[PDB]
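Chemist: Next comes query22.txt, compact mmCIF, C-alpha atoms and all ligand atoms:
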# COMPACT_ATOMS: atom_id res chain seq x y z
CA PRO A 1 15.92 0.97 36.67
CA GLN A 2 17.47 -2.06 34.98
CA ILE A 3 15.30 -4.17 32.71
CA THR A 4 16.60 -7.65 31.82
CA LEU A 5 15.45 -9.29 28.64
CA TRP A 6 14.40 -12.70 29.91
CA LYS A 7 10.88 -11.51 29.08
CA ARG A 8 9.49 -8.79 26.84
CA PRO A 9 10.51 -5.35 28.15
CA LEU A 10 6.96 -4.16 28.72
CA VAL A 11 6.43 -1.06 30.79
CA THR A 12 3.48 1.13 31.66
CA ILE A 13 3.08 4.29 29.62
CA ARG A 14 0.53 7.06 29.78
CA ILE A 15 -0.84 9.05 26.89
CA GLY A 16 -3.53 11.45 28.12
CA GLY A 17 -6.24 9.46 29.88
CA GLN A 18 -4.99 6.08 28.71
CA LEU A 19 -2.50 3.80 30.41
CA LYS A 20 -1.01 1.15 28.14
CA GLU A 21 1.69 -1.51 28.24
CA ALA A 22 4.42 -0.87 25.69
CA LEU A 23 7.70 -2.47 24.62
CA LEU A 24 10.94 -0.61 25.14
CA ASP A 25 12.17 -1.34 21.64
CA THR A 26 15.70 -0.53 20.53
CA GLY A 27 14.90 -1.94 17.08
CA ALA A 28 12.25 0.73 16.36
CA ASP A 29 13.39 4.16 15.11
CA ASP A 30 10.04 5.65 16.08
CA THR A 31 7.27 5.03 18.56
CA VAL A 32 4.18 3.14 17.26
CA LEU A 33 1.01 2.93 19.34
CA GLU A 34 -2.11 0.85 18.89
CA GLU A 35 -5.10 2.53 17.24
CA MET A 36 -6.33 5.52 19.27
CA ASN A 37 -8.16 8.72 18.35
CA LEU A 38 -5.67 11.42 19.39
CA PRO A 39 -6.43 15.11 18.99
CA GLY A 40 -4.55 17.33 16.57
CA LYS A 41 -2.91 17.34 13.17
CA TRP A 42 -1.38 14.22 11.67
CA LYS A 43 -0.12 12.87 8.38
CA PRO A 44 -0.23 9.42 6.80
CA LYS A 45 2.81 7.17 6.61
CA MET A 46 3.61 3.55 5.77
CA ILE A 47 6.02 1.67 8.06
CA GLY A 48 7.59 -1.71 7.38
CA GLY A 49 8.71 -4.68 9.43
CA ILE A 50 8.53 -8.45 9.41
CA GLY A 51 5.50 -9.40 7.31
CA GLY A 52 5.28 -6.12 5.37
CA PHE A 53 3.85 -2.66 5.96
CA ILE A 54 1.07 -1.06 7.95
CA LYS A 55 -0.49 2.38 7.46
CA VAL A 56 -0.10 4.76 10.39
CA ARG A 57 -0.93 8.34 11.34
CA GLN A 58 2.03 10.46 12.44
CA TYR A 59 1.29 12.87 15.30
CA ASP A 60 4.00 15.27 16.44
CA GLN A 61 4.91 16.64 19.88
CA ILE A 62 2.71 14.23 21.81
CA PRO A 63 3.59 14.01 25.50
CA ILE A 64 3.99 10.45 26.80
CA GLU A 65 4.92 9.41 30.33
CA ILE A 66 7.03 6.24 30.45
CA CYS A 67 7.42 4.71 33.91
CA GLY A 68 7.01 8.19 35.37
CA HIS A 69 9.60 9.75 33.02
CA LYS A 70 8.44 12.60 30.79
CA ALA A 71 8.81 12.37 27.04
CA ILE A 72 7.43 14.35 24.12
CA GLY A 73 7.72 13.71 20.42
CA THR A 74 6.50 11.86 17.39
CA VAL A 75 3.97 9.06 17.82
CA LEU A 76 2.81 6.84 14.96
CA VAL A 77 -0.68 5.43 15.49
CA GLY A 78 -2.09 2.47 13.60
CA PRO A 79 -2.97 -1.22 13.63
CA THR A 80 0.13 -2.50 15.37
CA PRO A 81 -0.27 -5.67 17.49
CA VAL A 82 1.84 -4.18 20.29
CA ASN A 83 2.60 -0.69 21.61
CA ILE A 84 6.22 0.11 20.75
CA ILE A 85 8.36 2.79 22.40
CA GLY A 86 11.05 3.55 19.83
CA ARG A 87 14.40 5.27 19.99
CA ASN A 88 12.90 8.72 19.47
CA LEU A 89 11.48 8.54 23.00
CA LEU A 90 13.88 6.01 24.56
CA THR A 91 16.67 8.61 24.33
CA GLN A 92 14.51 11.19 26.13
CA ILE A 93 14.04 8.98 29.21
CA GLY A 94 17.75 8.11 29.37
CA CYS A 95 17.55 4.54 28.10
CA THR A 96 20.73 2.71 27.08
CA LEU A 97 21.67 -0.85 26.16
CA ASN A 98 24.40 -2.34 28.34
CA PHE A 99 26.44 -5.56 28.19
CA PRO B 1 29.77 -1.64 26.09
CA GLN B 2 27.13 0.99 26.84
CA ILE B 3 25.13 1.76 23.69
CA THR B 4 23.07 4.94 23.43
CA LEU B 5 20.07 5.19 21.12
CA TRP B 6 20.37 8.41 19.13
CA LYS B 7 21.57 6.09 16.30
CA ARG B 8 20.42 2.58 15.37
CA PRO B 9 22.25 0.04 17.56
CA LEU B 10 23.89 -1.73 14.62
CA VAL B 11 26.77 -4.02 15.45
CA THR B 12 29.07 -6.37 13.62
CA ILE B 13 28.37 -10.06 14.16
CA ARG B 14 30.47 -13.06 13.20
CA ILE B 15 28.51 -16.09 12.01
CA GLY B 16 29.97 -19.00 10.00
CA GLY B 17 33.15 -17.00 9.32
CA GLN B 18 31.11 -14.13 7.84
CA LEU B 19 30.91 -10.59 9.19
CA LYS B 20 27.45 -9.06 8.98
CA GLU B 21 25.76 -5.97 10.37
CA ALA B 22 22.80 -6.62 12.68
CA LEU B 23 20.42 -4.58 14.79
CA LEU B 24 20.22 -5.11 18.53
CA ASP B 25 16.45 -5.38 18.86
CA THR B 26 14.91 -5.58 22.34
CA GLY B 27 11.42 -5.74 20.78
CA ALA B 28 12.26 -9.01 19.03
CA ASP B 29 11.76 -12.30 20.88
CA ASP B 30 13.79 -14.03 18.19
CA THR B 31 16.91 -13.50 16.14
CA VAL B 32 16.06 -13.21 12.44
CA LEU B 33 18.66 -12.94 9.69
CA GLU B 34 18.22 -12.16 6.02
CA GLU B 35 18.59 -14.97 3.52
CA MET B 36 21.88 -16.80 3.92
CA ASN B 37 23.22 -20.32 3.87
CA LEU B 38 23.79 -22.15 7.15
CA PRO B 39 24.73 -25.82 7.40
CA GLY B 40 22.82 -28.66 9.00
CA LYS B 41 19.24 -29.47 9.85
CA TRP B 42 16.58 -26.80 9.96
CA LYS B 43 12.85 -26.74 10.63
CA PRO B 44 10.19 -24.75 8.81
CA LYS B 45 8.62 -22.18 11.14
CA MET B 46 6.36 -19.14 10.86
CA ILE B 47 6.70 -15.90 12.78
CA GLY B 48 4.64 -12.72 12.98
CA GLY B 49 5.84 -9.12 12.97
CA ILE B 50 4.26 -5.72 12.63
CA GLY B 51 3.08 -6.41 9.06
CA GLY B 52 1.93 -10.03 9.25
CA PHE B 53 3.47 -13.49 9.10
CA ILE B 54 6.44 -14.89 7.23
CA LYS B 55 7.99 -18.30 6.73
CA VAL B 56 11.47 -18.84 8.12
CA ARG B 57 14.04 -21.62 8.44
CA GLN B 58 14.84 -22.36 12.09
CA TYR B 59 18.48 -23.32 12.83
CA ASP B 60 19.35 -24.39 16.38
CA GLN B 61 22.65 -23.98 18.27
CA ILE B 62 24.33 -21.56 15.85
CA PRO B 63 27.31 -19.66 17.29
CA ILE B 64 27.27 -15.90 16.79
CA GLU B 65 29.84 -13.53 18.19
CA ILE B 66 28.04 -10.25 18.82
CA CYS B 67 30.40 -7.32 19.50
CA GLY B 68 32.97 -9.87 20.66
CA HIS B 69 30.49 -11.61 23.00
CA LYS B 70 29.76 -15.27 22.33
CA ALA B 71 26.26 -16.69 21.96
CA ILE B 72 25.03 -20.08 20.78
CA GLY B 73 21.36 -20.40 19.98
CA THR B 74 18.42 -20.31 17.64
CA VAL B 75 18.67 -18.34 14.42
CA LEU B 76 15.71 -17.84 12.09
CA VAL B 77 16.51 -17.14 8.42
CA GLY B 78 13.95 -15.46 6.21
CA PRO B 79 12.53 -12.24 4.77
CA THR B 80 13.22 -9.80 7.57
CA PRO B 81 13.83 -6.16 6.46
CA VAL B 82 17.15 -6.19 8.35
CA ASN B 83 19.25 -8.64 10.39
CA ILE B 84 17.95 -8.46 13.97
CA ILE B 85 19.40 -9.84 17.18
CA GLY B 86 16.50 -10.71 19.48
CA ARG B 87 16.17 -11.43 23.17
CA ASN B 88 17.09 -15.11 22.82
CA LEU B 89 20.69 -14.03 22.12
CA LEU B 90 20.67 -10.63 23.86
CA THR B 91 20.13 -12.47 27.14
CA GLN B 92 23.11 -14.75 26.42
CA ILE B 93 25.49 -11.80 26.02
CA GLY B 94 24.19 -10.15 29.22
CA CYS B 95 22.20 -7.32 27.63
CA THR B 96 19.95 -5.16 29.75
CA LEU B 97 18.09 -1.88 29.28
CA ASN B 98 18.93 0.88 31.74
CA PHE B 99 17.44 4.30 32.43
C1 LIG A 101 13.10 -3.32 10.78
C2 LIG A 101 13.54 -3.69 12.18
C3 LIG A 101 12.40 -4.20 13.06
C4 LIG A 101 11.79 -5.50 12.51
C5 LIG A 101 11.36 -3.10 13.24
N1 LIG A 101 10.28 -3.53 14.18
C6 LIG A 101 10.58 -3.41 15.63
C7 LIG A 101 10.77 -4.82 16.20
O1 LIG A 101 11.33 -4.73 17.52
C8 LIG A 101 9.48 -5.64 16.24
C9 LIG A 101 8.47 -5.17 17.31
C10 LIG A 101 7.24 -6.05 17.31
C11 LIG A 101 6.97 -6.90 18.38
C12 LIG A 101 5.84 -7.71 18.37
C13 LIG A 101 4.96 -7.68 17.31
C14 LIG A 101 5.21 -6.84 16.24
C15 LIG A 101 6.34 -6.02 16.24
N2 LIG A 101 9.83 -7.01 16.55
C16 LIG A 101 9.76 -8.01 15.69
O2 LIG A 101 9.37 -7.99 14.53
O3 LIG A 101 10.22 -9.24 16.25
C17 LIG A 101 9.94 -10.44 15.55
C18 LIG A 101 11.14 -11.32 15.82
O4 LIG A 101 10.87 -11.85 17.12
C19 LIG A 101 9.46 -12.00 17.29
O5 LIG A 101 9.05 -11.47 18.55
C20 LIG A 101 8.23 -10.31 18.35
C21 LIG A 101 7.74 -10.35 16.91
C22 LIG A 101 8.80 -11.18 16.20
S1 LIG A 101 8.82 -2.97 13.74
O6 LIG A 101 7.89 -3.24 14.78
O7 LIG A 101 8.54 -3.66 12.52
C23 LIG A 101 8.81 -1.35 13.45
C24 LIG A 101 8.67 -0.43 14.49
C25 LIG A 101 8.69 0.95 14.24
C26 LIG A 101 8.84 1.42 12.93
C27 LIG A 101 8.86 2.91 12.63
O8 LIG A 101 10.16 3.43 12.90
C28 LIG A 101 8.98 0.51 11.89
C29 LIG A 101 8.97 -0.86 12.15
Show me this structure written as structure tokens.
Ligand SMILES: CC[C@H](C)CN(C[C@@H](O)[C@H](Cc1ccccc1)NC(=O)O[C@H]1CO[C@H]2OCC[C@H]21)S(=O)(=O)c1ccc(CO)cc1

Modeler:
Amino acid sequence: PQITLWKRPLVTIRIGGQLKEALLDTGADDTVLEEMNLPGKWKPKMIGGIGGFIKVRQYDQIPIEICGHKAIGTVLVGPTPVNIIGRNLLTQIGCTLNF
Amino acid sequence: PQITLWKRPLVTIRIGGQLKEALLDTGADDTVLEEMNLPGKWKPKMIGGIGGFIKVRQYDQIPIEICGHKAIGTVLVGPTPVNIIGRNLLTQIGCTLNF
């Protein structure tokens, strides 16, 4: 589909048994999801944006469905105010910027 | 153009006769540039990002040519980690997300 940017580009994603609204975010290298207790190995990381850094847990090879499109890759989980689909997964669902 | 997302969508912008590199950022409501001088009236504002809140200077009706596409609108100047072009100007240049 085509998503205009008059409003936030929020779409429905699924991660296991949880559906969430997340931003399709070309400004994010990696995907950052709100706090959730995912299974499996992870490692700590600090990520920075406007206002400073937050601490996140990096989980690898996590399958995420984004508007019905299949993706799988790295997911950072921590106290973000918004779920953010970053470029690592945007490329996998075929997302481009066009003007 | 069509811009894929395997790399950061960094583009050259022209603002006040200066060339700068900025990130096309669909997850940003607002355009936020690193510290610089712009002429005219500005208003103190605060904005929140992933890491908390910052103070910025709000400048209205600033022309920016983004990849050769003209926009005129609100520019916030303050301690962002990188220059970001947000939806307020991405809409002006006809940006959409497509997948
Ligand atoms: C370093 C470049 C950006 C600032 C990076 N950000 C993505 C960005 O899209 C965030 C994504 C975002 C969105 C909402 C809340 C928090 C973060 N937007 C943002 O800060 O926009 C601000 C300017 O306009 C305002 O509208 C939204 C917040 C304000 S981010 O969220 O901080 C971020 C995301 C992912 C990583 C890991 O790769 C690191 C940082």

Chemist: For the contact check between chain A and ligand LIG 101 (chain A), emit one row per residue of chain A within 9 Å, containing the shortest atom pair and the distance in Å rounded to one decimal, counting only C-alpha atoms and all ligand atoms, chain then rising number order, as JSON lines.

Modeler:
{"residue": "A:8", "atom": "CA", "partner": "A:LIG101", "partner_atom": "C20", "distance": 8.7}
{"residue": "A:23", "atom": "CA", "partner": "A:LIG101", "partner_atom": "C11", "distance": 7.7}
{"residue": "A:24", "atom": "CA", "partner": "A:LIG101", "partner_atom": "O1", "distance": 8.7}
{"residue": "A:25", "atom": "CA", "partner": "A:LIG101", "partner_atom": "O1", "distance": 5.4}
{"residue": "A:26", "atom": "CA", "partner": "A:LIG101", "partner_atom": "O1", "distance": 6.8}
{"residue": "A:27", "atom": "CA", "partner": "A:LIG101", "partner_atom": "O1", "distance": 4.6}
{"residue": "A:28", "atom": "CA", "partner": "A:LIG101", "partner_atom": "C25", "distance": 4.1}
{"residue": "A:29", "atom": "CA", "partner": "A:LIG101", "partner_atom": "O8", "distance": 4.0}
{"residue": "A:30", "atom": "CA", "partner": "A:LIG101", "partner_atom": "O8", "distance": 3.9}
{"residue": "A:31", "atom": "CA", "partner": "A:LIG101", "partner_atom": "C25", "distance": 6.1}
{"residue": "A:32", "atom": "CA", "partner": "A:LIG101", "partner_atom": "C25", "distance": 5.9}
{"residue": "A:46", "atom": "CA", "partner": "A:LIG101", "partner_atom": "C27", "distance": 8.7}
{"residue": "A:47", "atom": "CA", "partner": "A:LIG101", "partner_atom": "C28", "distance": 5.0}
{"residue": "A:48", "atom": "CA", "partner": "A:LIG101", "partner_atom": "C29", "distance": 5.0}
{"residue": "A:49", "atom": "CA", "partner": "A:LIG101", "partner_atom": "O7", "distance": 3.3}
{"residue": "A:50", "atom": "CA", "partner": "A:LIG101", "partner_atom": "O2", "distance": 5.2}
{"residue": "A:51", "atom": "CA", "partner": "A:LIG101", "partner_atom": "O2", "distance": 8.3}
{"residue": "A:52", "atom": "CA", "partner": "A:LIG101", "partner_atom": "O7", "distance": 8.2}
{"residue": "A:53", "atom": "CA", "partner": "A:LIG101", "partner_atom": "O7", "distance": 8.1}
{"residue": "A:54", "atom": "CA", "partner": "A:LIG101", "partner_atom": "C29", "distance": 8.9}
{"residue": "A:76", "atom": "CA", "partner": "A:LIG101", "partner_atom": "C27", "distance": 7.6}
{"residue": "A:80", "atom": "CA", "partner": "A:LIG101", "partner_atom": "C14", "distance": 6.7}
{"residue": "A:81", "atom": "CA", "partner": "A:LIG101", "partner_atom": "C13", "distance": 5.6}
{"residue": "A:82", "atom": "CA", "partner": "A:LIG101", "partner_atom": "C13", "distance": 5.6}
{"residue": "A:83", "atom": "CA", "partner": "A:LIG101", "partner_atom": "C11", "distance": 8.3}
{"residue": "A:84", "atom": "CA", "partner": "A:LIG101", "partner_atom": "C9", "distance": 6.7}
{"residue": "A:85", "atom": "CA", "partner": "A:LIG101", "partner_atom": "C25", "distance": 8.4}
{"residue": "A:86", "atom": "CA", "partner": "A:LIG101", "partner_atom": "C25", "distance": 6.6}
{"residue": "A:87", "atom": "CA", "partner": "A:LIG101", "partner_atom": "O8", "distance": 8.5}
{"residue": "A:88", "atom": "CA", "partner": "A:LIG101", "partner_atom": "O8", "distance": 8.9}

Chemist: How far apart are chain B and chain A by Cα RMSD after a least-squares superposition over every Cα, paired in order?

Modeler: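 Once chain A is fitted onto chain B, the C-alpha RMSD works out to 0.7 Å.
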
Chemist: Please identify all polymer residues within 6 Å of residue B:78, counting all atoms listed in the file, omitting same-chain residues fewer than 5 positions from it, and present them as an NGL selection string.

Modeler: :B and (34-35 or 56)

Chemist: Would you mind telling me which residue in A:38, A:21, A:69, A:74 lies nearest to chain B when using all atoms listed in the file?

Modeler: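 Among the listed residues, the smallest separation from chain B belongs to A:69.
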
Chemist: Would you kindly return, as a ChimeraX atom specification, each protein, DNA or RNA residue with an atom no farther than 7 Å from any atom of residue B:62, considering all atoms listed in the file and excluding same-chain residues fewer than 5 positions away?

Modeler: /B:72-75

Chemist: Place a sphere of radius 8 Å on (17.8, -25.3, 14.4) in the file coordinates and name every protein, DNA or RNA residue with an atom inside or on its surface, counting only C-alpha atoms; give the answer as a list in words.

Modeler: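 Checking each residue against the 8 Å limit leaves residues 41, 42, 43, 57, 58, 59, 60, 61, 62, 74 and 75 of chain B.
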
Chemist: Return the single residue from B:63, B:98, B:39, B:71 that is closest to residue A:9, with distances computed using all atoms listed in the file.

Modeler: B:98

Chemist: Find the distance between atom CA of residue A:5 and atom CA of residue A:68 and write it in Å to one decimal.

Modeler: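 Result for atom CA of residue A:5 versus atom CA of residue A:68: 20.5 Å, one decimal.
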
Chemist: One number please: atom CA of residue A:2 to atom CA of residue B:12, in Å, one decimal.

Modeler: 24.7 Å

Chemist: Which is closest to chain A among B:77, B:11, B:36, B:93, if we use all atoms listed in the file?

Modeler: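 The answer is B:93, which sits nearest to chain A.
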
Chemist: Counting only C-alpha atoms, which residue out of A:15, A:3, A:67, A:33 sits closest to chain B?

Modeler: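 The closest residue to chain B is A:3.
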
Chemist: How would stretch 15-31 of chain A look with N, CA, C and O atoms restored, written as a PDB file, keeping the file's coordinate frame?

Modeler:
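Below is the file that was written, out.pdb:
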ATOM      1  N   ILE A  15      -0.608   8.066  27.922  1.00  0.00           N
ATOM      2  CA  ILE A  15      -0.840   9.050  26.890  1.00  0.00           C
ATOM      3  C   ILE A  15      -2.235   9.612  27.174  1.00  0.00           C
ATOM      4  O   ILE A  15      -3.238   8.922  27.036  1.00  0.00           O
ATOM      5  N   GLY A  16      -2.279  10.842  27.669  1.00  0.00           N
ATOM      6  CA  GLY A  16      -3.530  11.450  28.120  1.00  0.00           C
ATOM      7  C   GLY A  16      -4.207  10.621  29.194  1.00  0.00           C
ATOM      8  O   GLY A  16      -3.614  10.308  30.225  1.00  0.00           O
ATOM      9  N   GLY A  17      -5.456  10.253  28.940  1.00  0.00           N
ATOM     10  CA  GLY A  17      -6.240   9.460  29.880  1.00  0.00           C
ATOM     11  C   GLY A  17      -6.181   7.969  29.651  1.00  0.00           C
ATOM     12  O   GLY A  17      -7.088   7.245  30.059  1.00  0.00           O
ATOM     13  N   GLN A  18      -5.118   7.495  29.008  1.00  0.00           N
ATOM     14  CA  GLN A  18      -4.990   6.080  28.710  1.00  0.00           C
ATOM     15  C   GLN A  18      -3.656   5.583  29.233  1.00  0.00           C
ATOM     16  O   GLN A  18      -2.610   6.163  28.925  1.00  0.00           O
ATOM     17  N   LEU A  19      -3.702   4.539  30.055  1.00  0.00           N
ATOM     18  CA  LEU A  19      -2.500   3.800  30.410  1.00  0.00           C
ATOM     19  C   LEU A  19      -2.430   2.553  29.555  1.00  0.00           C
ATOM     20  O   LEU A  19      -3.440   1.862  29.366  1.00  0.00           O
ATOM     21  N   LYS A  20      -1.234   2.269  29.037  1.00  0.00           N
ATOM     22  CA  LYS A  20      -1.010   1.150  28.140  1.00  0.00           C
ATOM     23  C   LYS A  20       0.296   0.460  28.515  1.00  0.00           C
ATOM     24  O   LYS A  20       1.173   1.066  29.130  1.00  0.00           O
ATOM     25  N   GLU A  21       0.423  -0.798  28.127  1.00  0.00           N
ATOM     26  CA  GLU A  21       1.690  -1.510  28.240  1.00  0.00           C
ATOM     27  C   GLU A  21       2.383  -1.390  26.897  1.00  0.00           C
ATOM     28  O   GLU A  21       1.753  -1.556  25.851  1.00  0.00           O
ATOM     29  N   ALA A  22       3.666  -1.054  26.918  1.00  0.00           N
ATOM     30  CA  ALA A  22       4.420  -0.870  25.690  1.00  0.00           C
ATOM     31  C   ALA A  22       5.817  -1.449  25.809  1.00  0.00           C
ATOM     32  O   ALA A  22       6.395  -1.457  26.890  1.00  0.00           O
ATOM     33  N   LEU A  23       6.342  -1.928  24.685  1.00  0.00           N
ATOM     34  CA  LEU A  23       7.700  -2.470  24.620  1.00  0.00           C
ATOM     35  C   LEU A  23       8.719  -1.361  24.530  1.00  0.00           C
ATOM     36  O   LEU A  23       8.588  -0.469  23.694  1.00  0.00           O
ATOM     37  N   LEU A  24       9.769  -1.445  25.336  1.00  0.00           N
ATOM     38  CA  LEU A  24      10.940  -0.610  25.140  1.00  0.00           C
ATOM     39  C   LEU A  24      11.748  -1.262  24.031  1.00  0.00           C
ATOM     40  O   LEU A  24      12.349  -2.316  24.249  1.00  0.00           O
ATOM     41  N   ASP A  25      11.732  -0.660  22.847  1.00  0.00           N
ATOM     42  CA  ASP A  25      12.170  -1.340  21.640  1.00  0.00           C
ATOM     43  C   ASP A  25      13.312  -0.622  20.914  1.00  0.00           C
ATOM     44  O   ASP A  25      13.105   0.327  20.141  1.00  0.00           O
ATOM     45  N   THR A  26      14.527  -1.100  21.151  1.00  0.00           N
ATOM     46  CA  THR A  26      15.700  -0.530  20.530  1.00  0.00           C
ATOM     47  C   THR A  26      15.757  -0.752  19.023  1.00  0.00           C
ATOM     48  O   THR A  26      16.514  -0.079  18.327  1.00  0.00           O
ATOM     49  N   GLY A  27      14.954  -1.684  18.517  1.00  0.00           N
ATOM     50  CA  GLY A  27      14.900  -1.940  17.080  1.00  0.00           C
ATOM     51  C   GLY A  27      13.950  -1.044  16.300  1.00  0.00           C
ATOM     52  O   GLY A  27      13.889  -1.148  15.085  1.00  0.00           O
ATOM     53  N   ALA A  28      13.223  -0.167  16.991  1.00  0.00           N
ATOM     54  CA  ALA A  28      12.250   0.730  16.360  1.00  0.00           C
ATOM     55  C   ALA A  28      12.814   2.154  16.354  1.00  0.00           C
ATOM     56  O   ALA A  28      13.151   2.701  17.410  1.00  0.00           O
ATOM     57  N   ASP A  29      12.923   2.768  15.176  1.00  0.00           N
ATOM     58  CA  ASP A  29      13.390   4.160  15.110  1.00  0.00           C
ATOM     59  C   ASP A  29      12.394   5.076  15.817  1.00  0.00           C
ATOM     60  O   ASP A  29      12.779   6.025  16.503  1.00  0.00           O
ATOM     61  N   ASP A  30      11.113   4.810  15.589  1.00  0.00           N
ATOM     62  CA  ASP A  30      10.040   5.650  16.080  1.00  0.00           C
ATOM     63  C   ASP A  30       9.002   4.849  16.838  1.00  0.00           C
ATOM     64  O   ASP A  30       8.855   3.649  16.651  1.00  0.00           O
ATOM     65  N   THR A  31       8.288   5.560  17.693  1.00  0.00           N
ATOM     66  CA  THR A  31       7.270   5.030  18.560  1.00  0.00           C
ATOM     67  C   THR A  31       5.990   4.756  17.759  1.00  0.00           C
ATOM     68  O   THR A  31       5.559   5.599  16.975  1.00  0.00           O
TER      69      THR A  31
END
